[PDB]
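Colleague:
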Amino acid sequence: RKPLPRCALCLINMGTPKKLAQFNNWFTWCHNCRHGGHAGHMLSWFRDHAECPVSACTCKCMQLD
Amino acid sequence: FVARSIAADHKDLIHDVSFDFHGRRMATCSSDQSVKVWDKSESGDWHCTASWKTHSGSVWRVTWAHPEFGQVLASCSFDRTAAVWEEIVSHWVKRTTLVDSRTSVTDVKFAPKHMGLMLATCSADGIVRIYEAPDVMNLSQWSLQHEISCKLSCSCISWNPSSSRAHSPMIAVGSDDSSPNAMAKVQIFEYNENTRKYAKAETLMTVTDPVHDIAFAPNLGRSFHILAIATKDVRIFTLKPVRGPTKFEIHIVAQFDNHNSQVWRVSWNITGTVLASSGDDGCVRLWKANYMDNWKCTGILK
Amino acid sequence: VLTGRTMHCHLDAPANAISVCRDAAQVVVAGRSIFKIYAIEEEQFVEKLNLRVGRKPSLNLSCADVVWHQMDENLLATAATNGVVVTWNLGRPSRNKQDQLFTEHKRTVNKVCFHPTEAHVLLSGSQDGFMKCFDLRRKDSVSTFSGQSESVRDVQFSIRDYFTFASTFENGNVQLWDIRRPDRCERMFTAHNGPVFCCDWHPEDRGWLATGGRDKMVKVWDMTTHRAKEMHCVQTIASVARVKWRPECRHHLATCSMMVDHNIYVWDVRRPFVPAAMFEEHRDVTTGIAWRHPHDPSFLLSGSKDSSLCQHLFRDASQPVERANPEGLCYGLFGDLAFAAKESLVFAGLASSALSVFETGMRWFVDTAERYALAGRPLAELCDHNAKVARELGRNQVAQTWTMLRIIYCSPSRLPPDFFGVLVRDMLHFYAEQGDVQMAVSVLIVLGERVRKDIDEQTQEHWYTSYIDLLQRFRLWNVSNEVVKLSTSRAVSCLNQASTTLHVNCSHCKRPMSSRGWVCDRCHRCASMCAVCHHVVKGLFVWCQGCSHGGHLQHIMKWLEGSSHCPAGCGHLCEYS
Ligand SMILES: [Zn+2]
Ligand SMILES: [Zn+2]
Ligand SMILES: [Zn+2]
Ligand SMILES: [Zn+2]
Ligand SMILES: [Zn+2]
Ligand SMILES: [Zn+2]
Ligand SMILES: [Zn+2]
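Chains as they are written, first to last, in the authors' numbering: chain A, 779 to 795, 815 to 862; chain G, 2 to 90, 101 to 254, 262 to 320; chain C, 15 to 360, 389 to 402, 408 to 459, 626 to 790.
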């Protein structure tokens, strides 16, 4: 009964329980730097930019793959 | 403006309506001991997606919370209790119950997010309380730190939403007892970080009539605080800091009596520039200002 | 009619019951450790004759219920805890006015009753739950009655009838009896979810019976029809002990509580959610309440455990109805303004309201947020782009502001260098005062070190936090994170570095993998593989919390749009339905 990591964009902690669990609330993390976020938010952010949302990062966590 | 009347379907008078943080949901309470939650769709239809009995007496107010702590609500009622409700993965479950109250409970309001999950409650005997919840993931454990008495009988409370570091937490309370006396009816309580105790800061002694509702104004970058008080006429004050409890510089900026009745409720907008009053004539006015600090009118909307 | 004023007097011991005469001048009060009578006076009530004669206490001294006979003023009845019923004859010259002593009951006797017309009928029950009847002709009074339930609480005669009375039982059922047929039951039903503490009849109607329970409920029952029915449902803030009905008012009731609550409440059936009248004179628990006159709704008689007897007048009630705010208000983010008010201000025509969301204003905020340029170009083009963004929206002063900044700081026997700094600072402060925290932050970010060394550090945090909160209200996430990335203050930057790094594992060996790399240190396997493309995932990696299967962000999103099955083939309905 202790919090899980929080999204880097919406700043609200993750979690998952007629779709009771939509795709946009699934976990996601860059495998090279391990900076997580939601699904919808990250798919939104990584369209106009190319850099990790968390500050002081240098990874380009879409162009790697 | 335009009207979009909605069938609330309440057997008793509606006593409060409150909006959520994002502005998409809605909460209503009534003397029929029921609280309803309304959602809206892309088609602009307000439909109720929740209804349940919450107390054993008339329910006065209901307020929302920041959605960083989840979907949390609060309530106050005539049966001398206050409860906190939670939405879970879809009905609402009672999480706690505040019982320590000699007389009826009038108002309950939350606190700004930057200082945690706090609750303030006022009663009809004179005492006001401030609770807390140290673990934000265990909402069935509330502690009681402060307990302030304010002589007269309380009827309304309001926090200060200022998030500046230089502004100390401060809460203002006003009475609504109409006796043949002439005492002050609005008081301000600050909080000194050293003694770790709330204390009186200033009192507006120019108010000798009952007060029904008070409401601060969102700060959003200003260097002073603006307060609105609802009485036989609508009043607006301004307090500035100068340079122990802080001593302000109290002024006045408005005194309007375009209602020919007694004002009941006041409220501000999101930015903090337009007020919205409501009296016994059923007319909701709005009051803006100009660059010459003269407060004008902008609506007779009814 | 009866005349007087509200007044109180102090007794010596707490009282548990009270009774009054038909003359409405002397009140008789009984208790566990007190027994006396008082004569009511318009100036001040005075005692008439106490019943505590003789220093020797008895098992019948602790009287729980007292009743004044409705036929003769010389007869009084007492119910004791020792299962003994002691009648009193006021005409006896001796101080001990006892007339008949009777001790059939073993448990504590709860209630007693007098026949409205007959002068020799008394009906009492004990805590033993067996119902027993009485005769005052000194004949064979033994007609005891089979309750067949828990302990009896209250029994009252029907004034309209002659041989019918009510009986309530702690099991949760109310049984209506008859006295001509002592063999079989007439009427039985379940009234409350728990014990029933009172039951009264209608002084005018012949088919109205209201019973109160421990579940904070008072309901009215009708016996006219062949089936019992309920019309009224009045909710109280505490349990109800006994109910008295207002004479000459068919739609008024009076109730009192026994724990927690101490006030006296008056209710109307047509308004089952709000009280008609209520008094706060008493301090302790109100215990014995009765109407002074069977036709005068003016004066009320009441008593409590605080050893005092008080009288109240109807016009002196404190009215909460006259101190209730009838309307509500609330603003909104988009500009809407809900508003509800009493119907009459916009038997009774004012028992409702009408929600009315007065819709139709801040589209200049999100539009400017979505296209402002803050980094990625040198200063001149950044200023020009924002000037155009302001221009098309119609805001001119902002456009000249941006253009003057471009002029003020780009591409200059000249002006002194630090000439315009004060004006820049004042412009920022002025923009902050009006509440336009959107332009201040943008100018701060665009300029940077050329202005960051002139504004106090506690003000910048205020501006940044207010702007971020406003943006998060409208759900503009990318812009908010963009601000958090290039904030000028260290406090704002470290906002997104608070528990935003995950730790991963390897489901084969359960060991935790290191930070950089895609191979396992023990299995020598590739723990990250796409369930669809069967390649190595080095970048983003989606996941599921029901079966721990996932892969590339776009592959799973594309496949799962059509099918609702886990790609790995584990028969799990990922993302339910
Ligand atoms: Zn998110
Ligand atoms: Zn990375
Ligand atoms: Zn990263
Ligand atoms: Zn392994
Ligand atoms: Zn793949
Ligand atoms: Zn699976
Ligand atoms: Zn799954």
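Where a beta carbon is used, it is the ideal one built from N, C-alpha and C, also for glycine.
Taking Cβ-Cβ distances shorter than 8 Å, what residues in chain A pair up with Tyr789/C?
Modeller: By Cβ distance, chain A contributes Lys815, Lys816, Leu817 and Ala818.
Colleague: Got a sec: is the Cβ-Cβ distance from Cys757/C to anything in chain A below 9 Å?
Modeller: Interface residue, yes.
Colleague: Is any heavy atom in ligand 1 found nearer than 8 Å to the beta carbon of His838/A?
Modeller: Yes, since a heavy atom of ligand 1 falls inside the 8 Å radius drawn around the Cβ of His838/A.
Colleague: Counting only C-beta atoms, is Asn230/G closer than 9 Å to chain C at any point?
Modeller: It does: the Cβ of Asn230/G has a partner Cβ on chain C nearer than 9 Å.
Colleague: Would the beta-carbon of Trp731/C fall within 9 Å of that of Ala744/C?
Modeller: No, Cβ-Cβ distance for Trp731/C and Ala744/C is not below 9 Å.
Colleague: Along chain C, which residues have their Cβ under 8 Å away from the Cβ of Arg784/A?
Modeller: Within chain C, the residues near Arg784/A are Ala711, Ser712 and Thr713.
Colleague: At a cut of 8 Å, does the region 127-136 of chain C reach the region 160-179 of chain C through at least three beta carbon pairs?
Modeller: Yes: the two stretches touch, three or more of their Cβ pairs being nearer than 8 Å.
Colleague: How far does the alpha helix (DSSP H) with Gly648/C in it reach, from first residue to last?
Modeller: Counting along the chain, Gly648/C falls outside any alpha helix (DSSP H), and DSSP gives it neither H nor E.
Colleague: Mind checking whether the beta-carbon of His832/A lies closer than 8 Å to any heavy atom of ligand 2?
Modeller: Indeed, a heavy atom of ligand 2 lies less than 8 Å from the Cβ.
Colleague: Chain A partners of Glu69/G, CB-CB under 7 Å?
Modeller: By Cβ distance, chain A contributes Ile790.
Colleague: For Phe227/G and chain C, any beta-carbon pair shorter than 9 Å?
Modeller: Chain C contact via Cβ: absent.
Colleague: Does the beta carbon of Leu238/G come closer than 9 Å to any beta carbon on chain C?
Modeller: By this cut-off, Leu238/G is not an interface position.
Colleague: Does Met126/G come within less than 9 Å of chain A when only Cβ atoms are used?
Modeller: With 9 Å as the cut-off, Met126/G does not count as an interface residue toward chain A.
Colleague: By DSSP, does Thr415/C sit in helix, in strand, or in coil?
Modeller: Here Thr415/C sits in helix by DSSP.
Colleague: Taking one C-beta from the region 284-291 of chain C and one from the region 237-253 of chain C each time, how about it: are there three or more such pairs within less than 8 Å?
Modeller: At 8 Å Cβ cutoff, the stretches touch.
Colleague: Using a C-beta to C-beta distance shorter than 8 Å, which residues of chain C count as neighbours of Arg831/A?
Modeller: Neighbours of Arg831/A on chain C, chain order: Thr714, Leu715, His716, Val717 and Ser728.
Colleague: Measuring alpha carbon to alpha carbon, tell me which of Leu136/C, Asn277/C and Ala290/C ends up nearest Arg260/C.
Modeller: For the residues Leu136/C, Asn277/C and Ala290/C, the minimum Cα distance to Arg260/C belongs to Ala290/C.
Colleague: Heavy atom of ligand 6 less than 8 Å from the Cβ of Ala818/A, yes or no?
Modeller: Incorrect: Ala818/A has no Cβ contact closer than 8 Å to ligand 6.
Colleague: DSSP three-state label for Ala437/C, please.
Modeller: Helix, per DSSP.
Colleague: Report buried or exposed for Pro725/C, applying the criterion of at least 16 other Cβ atoms within 10 angstroms of its Cβ.
Modeller: Exposed, since its Cβ has fewer than 16 Cβ neighbours within 10 Å.
Colleague: Let me confirm a value: residue 375/G is counted as buried when at least 16 other C-beta atoms fall within 10 Å, else exposed. Which label applies?
Modeller: Within the shown structure, residues of chain G are numbered from 2 to 320, placing residue 375/G beyond reach of any answer.
Colleague: Thinking C-alpha only, which one of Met839/A, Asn829/A and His835/A is nearest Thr855/A?
Modeller: The shortest Cα separation from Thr855/A among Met839/A, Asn829/A and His835/A belongs to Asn829/A.
Colleague: Counting C-beta neighbours from all protein chains within 10 Å, is the total for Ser138/C 16 or more, i.e. buried, or is it exposed?
Modeller: By the neighbour-count rule (16 or more Cβ atoms within 10 Å), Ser138/C is buried.
Colleague: Could you work out which residue in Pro425/C, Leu786/C, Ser655/C and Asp79/C is closest to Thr448/C when comparing CA atoms only?
Modeller: Ranking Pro425/C, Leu786/C, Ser655/C and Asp79/C by Cα distance to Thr448/C puts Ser655/C first.
Colleague: Spatial neighbours of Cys161/G within its chain, please: CB distance less than 7 Å, with the 5 preceding and 5 following residues excluded, ordered by chain position.
Modeller: For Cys161/G, where only same-chain residues beyond five positions count, the Cβ hits under 7 Å are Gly137, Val139, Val184 and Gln198.
Colleague: If you count every other CB in all the chains shown that lies within 10 Å of the CB of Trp411/C, and 16 or more means buried, which is it?
Modeller: By the 10 Å Cβ count, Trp411/C comes out exposed.
Colleague: With 16 as the cutoff for other CB atoms within 10 Å, does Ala66/G come out buried or exposed?
Modeller: Label assigned to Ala66/G: buried.
Colleague: When the Cα atoms are used, what is the spatial distance from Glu848/A to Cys719/C?
Modeller: Whole-angstrom Cα-Cα distance: 27 Å.
Colleague: Looking only at its own chain, which residues have a Cβ that is under 6 Å from the Cβ of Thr450/C, when we skip the five neighbours before and after it?
Modeller: Cβ within range, chain order: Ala434.
Colleague: Determine the chain C residues that contact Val218/G at a beta-carbon separation under 8 Å, and present them in chain order.
Modeller: Those within 8 Å of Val218/G in chain C number zero; the least Cβ separation is about 18 Å.
Colleague: From which residue to which residue does the beta strand (DSSP E) around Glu143/G run?
Modeller: Looking at the DSSP string, the run of the beta strand (DSSP E) that includes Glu143/G is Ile138 to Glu143.
Colleague: Restricting to Cα atoms, I'd like to know which of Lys124/G, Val73/G and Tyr309/G is closest to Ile89/G.
Modeller: It is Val73/G.
Colleague: Which whole-angstrom value is the C-beta distance of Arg109/C and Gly68/C, which I expect to be below 8 Å?
Modeller: So it is a contact: roughly 7 Å between Cβ atoms.
Colleague: So the candidates are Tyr202/G, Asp10/G, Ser166/G and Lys196/G; which of them puts its Cα closest to the Cα of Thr264/G?
Modeller: Checking every option, the nearest Cα to that of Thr264/G belongs to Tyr202/G.
Colleague: Quick check for students: name the residue ranges of the beta strand (DSSP E) that lie wholly in the region 32-91 of chain C, counting only runs of 3 or more.
Modeller: Fully enclosed beta strand (DSSP E) runs of 3 or longer: 40-44, 49-53 and 77-82.
Colleague: Residues of the region 283-294 of chain G with a CB closer than 7 Å to any CB of chain C: list them in chain order, please.
Modeller: So the list reads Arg283, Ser285, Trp286, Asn287, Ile288, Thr289, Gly290, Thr291 and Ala294, given in the order they occur along the chain.
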